[PDB]
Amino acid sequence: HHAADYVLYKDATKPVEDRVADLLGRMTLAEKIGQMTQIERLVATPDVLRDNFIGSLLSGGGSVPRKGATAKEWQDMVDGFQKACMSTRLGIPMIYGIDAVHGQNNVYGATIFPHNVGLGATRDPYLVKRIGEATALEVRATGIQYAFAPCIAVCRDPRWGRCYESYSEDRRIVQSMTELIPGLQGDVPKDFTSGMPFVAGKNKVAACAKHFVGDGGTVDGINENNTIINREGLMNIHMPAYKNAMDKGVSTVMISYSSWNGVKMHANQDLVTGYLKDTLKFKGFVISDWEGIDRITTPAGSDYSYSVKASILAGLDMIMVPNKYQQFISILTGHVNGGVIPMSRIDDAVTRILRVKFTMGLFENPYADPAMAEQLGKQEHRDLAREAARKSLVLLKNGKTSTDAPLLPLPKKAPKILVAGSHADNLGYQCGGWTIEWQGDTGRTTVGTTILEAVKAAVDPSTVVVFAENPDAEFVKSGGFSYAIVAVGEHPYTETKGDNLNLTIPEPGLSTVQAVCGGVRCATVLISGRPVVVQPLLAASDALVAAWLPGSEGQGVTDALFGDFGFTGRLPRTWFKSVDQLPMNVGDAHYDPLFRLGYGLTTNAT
């Protein structure tokens, strides 16, 4: 179809399957194994990418071209890597992936949305779809084509350090929030076949349903550990949202570090091939987690040859190496040359990776669009995040007795008010993990509005706002305050650092709430990724709001505190009385919550 050097795979008018087949039939083994290899930007160079025919790059958490880098700097990085891939014999574009899990969260000046637990509180799948839409734009602002989201874990024990990444303990809520996928990727057409991958084009990103499967089921919420549950319960709790993701054309699936009844997921042929591929008919590509094949063995990394064999034979398509790429390629090449891994398995992996690349338009638009840089941090997206933050808030108490005046909503005009607590003026704490750094960080780490700044923006000009991080009781009682807003809670964490058997917030937190509430009527805003021991905070407070990890737009908190909007959020998880109850979910015999799933008080807008 027409010039003498026509190559069908380069013809954008041709069907995806024809282009895939045409390309695959041209590739050497080294080209094929290169497609299967994802490396960290930190080990990438132009020569590395060309010589090893690399298929994909990622930024792990905190892996950035420099601190404070602009959108244009990200595009220039990504395009520099792409130029090297495009210079190979076959010119196959790389796909660049990142954890854009509550916005484009590694990037300075990106809108940071509430973490998933708060989004579960909203019970609003359309809101979540819009968040997906905005997030795709902000990822494409930085030149990135692929986001490692959504996390569709159903967290069954809040002692898990990734509980905040789960929309709920109730899989129906998780299933509903799979609407993130067509936000990020675009809506699938009416005719669509479930399990096929889909991305609408260059203003959308490939998505990733993660982590397959039972990541939120692990014993004692120990991260990466064993999920002990029969097949009926795996299928009833942990699996259903994967079906919803297939119906919405999710492009990729990332495998869990966890084990199901003692078998590592990264080595689980029955589930990865037998179930996801052969029963759900998934036709996108399956990616490992970070050194996930290494962690098949104990100790991790102790037989990388076996890790390669076991994972590829299990049915993984792309391996997030992410550093030891020479070793990886060398080992897989030797297994193929030895007949230990059949070429059919290699060709299936490559078919899937190429299918996603062609489908999304990556061959037509391999490079960044500089006109998209202005999407990063856009005020429209911030307004969305502010709506989401406000809808996520769950009002747990609004008066000490049944006869007291409701504290909330607070009046915006008062002579003098106090804002206090470790979390009142700390943007990093309000965002939590996966924000700028992998683990999150403390203080003013990006562009956003703290609780204190939001109060100052909201109140009448005649209201004097005093900030004291940790005032003593006598300071509050002598201060002449009309009321206080006190914000306290968890510090940022991710993954294993967040695994926590006591679930008691750090001090000073409770001591500050007791000092403040002791001197003036107080509204306590609890910042956490999960339920935490709360009876003492409740005892001290006139009003208490569970604000989860609301992100960069702290005006979402004050929009409810001052009554511009009513409180509508409802608990997406059970709030335990004691950590000795755990795990404790609905249907259990010992179900005795402090607050049940679905609990939340309301107010009306003033």
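When you see a residue number, it is the position in the sequence shown, counting from 1.
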*Going by the average Cα B-factor in the PDB entry, point out whether 539-547 or 571-579 comes out higher.*
571-579
*Looking at the entry, does 402-410 or 431-439 show the higher mean C-alpha B-factor?*
402-410
*Highest Cα B-factor in the PDB entry belongs to which of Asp79, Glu165, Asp303, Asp460?*
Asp303
*Among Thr359, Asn225, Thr122, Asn106, single out the one with the highest C-alpha B factor in the record, please.*
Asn225
*For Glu495, does the deposited CA B-factor place it in the lowest, middle or highest third of the chain?*
highest
*Third of the chain's Cα B-factor distribution that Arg41 belongs to, per the entry*: lowest
*In terms of the chain's CA B-factor thirds, is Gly249 lowest, middle or highest?*
middle
*Going by what the PDB entry lists, where does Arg345 fall on CA B-factor within its chain: lowest, middle or highest third?*
highest
*Can you work out whether the C-alpha temperature factor of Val219 puts it in the lowest, middle or highest third of the chain?*
highest
